[PDB]
Amino acid sequence: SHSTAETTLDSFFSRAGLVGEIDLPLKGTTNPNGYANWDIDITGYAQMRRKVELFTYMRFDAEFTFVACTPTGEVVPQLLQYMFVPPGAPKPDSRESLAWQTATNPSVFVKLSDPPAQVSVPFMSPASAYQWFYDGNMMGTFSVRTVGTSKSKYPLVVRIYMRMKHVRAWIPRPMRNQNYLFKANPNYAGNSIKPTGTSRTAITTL
Amino acid sequence: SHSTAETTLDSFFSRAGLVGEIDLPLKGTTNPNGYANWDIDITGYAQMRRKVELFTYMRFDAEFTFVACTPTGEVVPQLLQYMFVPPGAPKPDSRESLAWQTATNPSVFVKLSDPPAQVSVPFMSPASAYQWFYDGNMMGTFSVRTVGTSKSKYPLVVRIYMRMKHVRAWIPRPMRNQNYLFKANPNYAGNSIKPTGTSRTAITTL
Amino acid sequence: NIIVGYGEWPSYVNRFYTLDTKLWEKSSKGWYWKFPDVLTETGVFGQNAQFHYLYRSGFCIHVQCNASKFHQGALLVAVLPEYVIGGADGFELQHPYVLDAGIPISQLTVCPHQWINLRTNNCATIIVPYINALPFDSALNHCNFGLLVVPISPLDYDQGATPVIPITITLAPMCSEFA
Amino acid sequence: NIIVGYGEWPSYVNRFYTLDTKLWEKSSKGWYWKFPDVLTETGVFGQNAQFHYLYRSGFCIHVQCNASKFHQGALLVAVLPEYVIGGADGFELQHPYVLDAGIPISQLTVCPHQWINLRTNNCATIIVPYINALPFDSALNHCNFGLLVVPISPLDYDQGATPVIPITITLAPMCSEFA
Amino acid sequence: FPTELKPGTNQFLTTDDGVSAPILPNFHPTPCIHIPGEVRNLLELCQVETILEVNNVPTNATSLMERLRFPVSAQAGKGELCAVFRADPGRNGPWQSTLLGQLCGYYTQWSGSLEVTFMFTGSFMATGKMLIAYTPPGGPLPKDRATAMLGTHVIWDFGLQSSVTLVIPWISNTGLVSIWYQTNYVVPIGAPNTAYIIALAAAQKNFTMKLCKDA
Amino acid sequence: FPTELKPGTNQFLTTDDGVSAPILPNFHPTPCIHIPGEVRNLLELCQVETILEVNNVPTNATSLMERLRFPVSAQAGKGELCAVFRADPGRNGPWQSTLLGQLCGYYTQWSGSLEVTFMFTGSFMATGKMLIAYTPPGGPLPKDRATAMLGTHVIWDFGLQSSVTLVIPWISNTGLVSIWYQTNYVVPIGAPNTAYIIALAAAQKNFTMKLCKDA
Amino acid sequence: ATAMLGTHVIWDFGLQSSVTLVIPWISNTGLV
């Protein structure tokens, strides 16, 4: 007989997982200007959607960690910004945009030769809980750039990890059966419907 | 119904914003000698003037943070000084000026490969409060240089952030209507006066 | 018997509304209704729901079917809040196995449900409170839940007996509020 | 009625001074006065203010206008400390919309103010304490506040009635100190 | 004394609150004297009436003061619409002239009750009646005075009162206000045939805001 | 105040729990209203009966609903085997359709008791008997009904009861269940000759799991 | 459906054999 503390809701959703990956190449066309906007979503971790869609309503806080390095994995002398844009505010559209110097958007200046940064974001919904199903969930945005006027001398990659804390859930649902097709859409391929599990030749044979 | 703690005066003026930007080029004519004098003002942040001019009298302390790097955004082995000149004292006029070695001007020696420096400045007015209107506000000066006798080997940029604490205000006023023309001057362009807001075709049509 | 959804009674036009009768066939796949959309053009409740800006209510649902002792089959009646699909006459299911939403039917008993076995009983009663993330909502822009009546065991009979079995739904609002 | 500015009474030559009368016209834009400059060459107060090094006082202001029952219009009377513009006869407003300082007139009710509606009343009384960042100041180098009388609704009458309406200002120092 | 450093160690967060090293120890600031009119919350300023520019039609520099009132004439019939405006302090329109709209332009969400005051500035010998109506969110503008009567409304008399007040029950981060002619504008011989109305708007004690923003 | 730094100083462990700097001080979240149906442990969902797909033979899209029941006909003799399945919720097979199997696919170890319910959905005039047997771990499938009788079993009557329940004493991170014909399927004239059985499975109050895993 | 919105009763052959309906008032009229 094991313990019942392994199946609480704060153990099911309890670890930091990779939810984002921002690429800042020295050349090419991915992010030609040394900045990028990433919208906060929890389905960046591939296993999170089926886990959270077991319930209709959820309520939690989040903790974010930023790990940055060169594509090889090297550590270089660079400074970055990591701005947070709350839901309802304009987002940057250039390196000279005035949104980078708005005091109501919190920022975290940090070096690459530093331990990864870490911040906490509260529950930001206008309602009492988030809902993954609405018959009839904006959290914010993280903007990443390199501090300075000229372009950076190194190629950089930024990885974002999220951990959910103080979790509450209501009204369980059946777990997902079929492959997903879209985001924020329960649509499924109607020409190829598969059974829940595996089959056997006859009902009287093991 | 939200909370009334979001509209207190310590929430309206509550965040650190960029108020200054000092450039120390390796070549050119901006600051040919490796030093600069910056007079402490709060309207370096573009949105601060209309916010503070909502009242006639104000009283607060300030907190200053200094972030330094190369125009690209690199981190280099350099040492800087950051001297504070109180109101009423002579300011430096050269790299060999004797003002840099006056013990009554506080200094902060720091490295570029260090966390940003941070100091607190008290309320320094000879009166009971500052006033943005006088019918009939010197805080000090920050001097920035590179430690040494010879010139630096790198180009540097220094950015200054200010946060106001322990805020008190008296006697509210109407908010600014028109574009500003000068500093410490309520002058406006009298040939182009614009309405407060937007217009419509008729009073009986939405 | 009577089951109370999630162990909660409704709390803070109140009459019986009997809907049109469905015909259960040998090849039926299932039906569903959406609330409050099922009652938005019928009577005083429907007049109240299209002229007020905020709405809040619970419900009491009865499902009935009369058949003889020589018929057989079984139905599952369940209530699913926020039933997103991937009037007063309802809709039929295209793929009942995935409940038309990509989720298995075999786990639908995780919701407030009842069984109608033609050899045992012919009635099912479910009491549903108000469920939302908001105290009030709009009766014309949001459907709070859906009602499902799906045959898990097919209807069977011998030739000469009646080939269609009627299913009747009668429901009453409980603790309805308007503003 | 009587309004007390900011809910404070004046605290630690004291007679009535009646100024010259202004004429309100159909095309008037508004007038303003500055204190203590309005009383610096009139009587004992003016003699005291030009020969002492420090000064401190409050004020009581009455604004009056007599018209008939066939006239119409409305004035706003307000007091604005440290009224920086971008004698005993006052000055006229050039652009009353921006109050000659780049600030809207519609928000001038945020200051101690009164309304004079010709159909309702014909008087306004405001009591102003001493406001400064210093206990004492100079009466010849600093103006503490300004008084504004601006018509929000234009003066109208029928031809044959009097085309000018008089406005009278009478004021009394309160708790004045000199040193 | 063993210690460990955590992943948020050498970072500068602009919203972080702490304590710093005083640059000038042994310095004593000037003591605070008493100054009248101290403000501690912005809701005090939100609860003050300011002029509402219902008539935001003209745009010339010399006609800018006409936006502060709207007319009532003797050439209009009974049952005819006078003016109409919305109940949205934070949106573009008439409410931009008030201090409540300017202050809620510094935030993101708000909710509460409002109040509007109408003041008549005609002559003492003028009489008449008006109908002021309020339509809740989601409804359309009434087509005529009879439809506006079936709803939230008030009947205003120039002879009896000079000012009237209307309360808007609730708004969120909507409704409509319309003024109709109930009777005609009655006036004796020797008095002007046109008058003006001035509108003032404020907020009630249950108004709140949240999530500061830069405008 | 002297201090020393230890070998785990500037490291980021993803399972580490601590406290961080709030990005938005002075912000108050929306208060929580009451919502019915709150879940605090997953064992509550583990203890709910769900349909067991014993008949996981067909695979066509249009025949997918036939996996939810298995037949009982009048053309079968007495003592003949009807169906057989294992007692392994976390393994591939019939138990994959239940919520217990899906939930224990997110862990590594489990142990406890189970229960299976069989419901008969024939006509009211049909009668017969069945034998449901359970074989402990390590034993083989019984060769005939007489061997299955010597063991844990139950005799089920269609006329008397519509549902029966069987308890599996203990399983670990096994046994077999087999259904035999005791009598033949008796039916009057005018009633259908075939019926179906629906099986539902759940867990008892002593079931537990451990060492979460991603599936 | 229109008849449902009014005074009515639902009668079951299996459960009851007889039903009773009361007419509230008539004078020296209604329909069933």
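Being of a type in the set (D, E), within 14 Å of chain A (Cβ to nearest Cβ) and either touching a strand residue (DSSP E or B) at 6+ places or on another chain (Cβ under 8 Å) or over 30 Å from B:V52 (Cα atoms) (or both) is a property that B:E74 has.
In region C:105-127, the residue that is surrounded by the fewest Cβ atoms within 10 Å (Cβ to Cβ) out of those that are within 16 Å of the chain's Cα centre (by Cα) and either aromatic (F, W, Y) or assigned to a loop (DSSP other than H, G, I, E, B) (or both) is C:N122. Scan region D:125-137 and tell me whether some residue there is out of contact with any helix residue (DSSP H, G or I) (no Cβ under 7 Å at 6 or more places or on another chain) and away from chain B (no Cβ under 12 Å). Within region D:125-137, one or more residues are out of contact with any helix residue (DSSP H, G or I) (no Cβ under 7 Å at 6 or more places or on another chain) and away from chain B (no Cβ under 12 Å). Residues being part of a strand (DSSP E or B), of a type outside the set (D, E) and closer than 15 Å to C:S57 by Cα are entirely absent from region C:85-104.
Looking only at residues in region D:141-160 that are surrounded by 14 or more Cβ atoms within 10 Å (Cβ to Cβ) and small (G, A, S), the one that is farthest from D:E82 (Cα to Cα) is D:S153. Do we find that B:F142 is assigned to a loop (DSSP other than H, G, I, E, B), crowded, with 17+ Cβ neighbours inside 10 Å and not acidic (D, E) in this structure? No, not satisfied. Of the set (1) under 30 Å from B:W170 (Cα atoms); (2) buried (at least 20 other Cβ atoms within 10 Å of the Cβ); (3) not β-branched (V, I, T), all apply to B:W38 but (2). Of the residues making up region F:182-204, none is surrounded by 15 or more Cβ atoms within 10 Å (Cβ to Cβ), touching a strand residue (DSSP E or B) at 6+ places or on another chain (Cβ under 8 Å) and within 11 Å of chain A (Cβ to nearest Cβ).
Selection of region D:29-78 for residues being over 21 Å from D:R119 (Cβ atoms), basic (K, R) and over 11 Å from the mean Cα position of the chain (by Cα) yields D:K29, D:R56. When A:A184, A:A117, A:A127, A:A169 are screened for being under 30 Å from C:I105 (Cα atoms), of a type in the set (A, V, I, L, M) and within 11 Å of chain F (Cβ to nearest Cβ), only A:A169 passes. Can we say A:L98 is away from chain F (no Cβ under 14 Å), more than 30 Å from F:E53 (Cβ to Cβ) and over 16 Å from the mean Cα position of the chain (by Cα)? Yes: the conditions hold for A:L98. Considering only residues in region F:62-85 that are out of contact with any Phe, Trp or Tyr (no Cβ under 8 Å at 6 or more places or on another chain) and surrounded by fewer than 19 Cβ atoms within 10 Å (Cβ to Cβ), the one that is farthest from the other protein chains (Cβ to nearest Cβ) turns out to be F:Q75. All conditions but one from (1) touching a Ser or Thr at 6+ places or on another chain (Cβ under 8 Å); (2) of a type in the set (S, T, Y); (3) not in a loop (DSSP other than H, G, I, E, B) apply to C:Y130; the one that does not is (3). Restricting attention to region B:145-166, and to residues there that are assigned to a loop (DSSP other than H, G, I, E, B) and of a type in the set (V, I, T), which single residue is nearest to the other protein chains (Cβ to nearest Cβ)? Once the filter is applied, the top-ranked residue is B:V147.
Quick check, is B:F13 under 28 Å from E:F27 (Cα atoms), touching a helix residue (DSSP H, G or I) at 6+ places or on another chain (Cβ under 8 Å), surrounded by 16 or more Cβ atoms within 10 Å (Cβ to Cβ) and more than 8 Å from every other protein chain (Cβ to nearest Cβ)? Considered against the rule, which asks whether it is under 28 Å from E:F27 (Cα atoms), touching a helix residue (DSSP H, G or I) at 6+ places or on another chain (Cβ under 8 Å), surrounded by 16 or more Cβ atoms within 10 Å (Cβ to Cβ) and more than 8 Å from every other protein chain (Cβ to nearest Cβ), B:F13 comes out as yes. Checking each residue of region B:130-138 against the condition of being out of contact with any helix residue (DSSP H, G or I) (no Cβ under 6 Å at 6 or more places or on another chain), farther than 26 Å from B:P25 by Cβ and of a type in the set (D, E) gives at least one match. If you take the residues in region A:44-88 that are charged (D, E, K, R) and under 30 Å from B:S113 (Cα atoms), which one is surrounded by the most Cβ atoms within 10 Å (Cβ to Cβ)? By that ranking, first place goes to A:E63. Considering region E:1-48, and only residues there that are of a type outside the set (A, V, I, L, M, F, W, C) and outside any loop (DSSP other than H, G, I, E, B), the residue that is surrounded by the most Cβ atoms within 10 Å (Cβ to Cβ) turns out to be E:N41. When E:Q96 is tested against the conditions (1) at the interface with chain B (Cβ under 9 Å from one of its Cβ atoms); (2) outside any helix (DSSP H, G or I); (3) farther than 15 Å from E:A203 by Cβ, the lone failure is (2). For region A:179-194, the condition of being under 25 Å from F:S20 (Cα atoms) and either under 15 Å from the mean Cα position of the chain (by Cα) or not in a loop (DSSP other than H, G, I, E, B) (or both) holds for none of the residues.
Quick note: the coordinates plus some simple rules give every number you see, no bench work behind them. In this analysis, Cβ positions are derived from the backbone assuming ideal geometry, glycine residues included, and neighbour counts consider all displayed protein chains.
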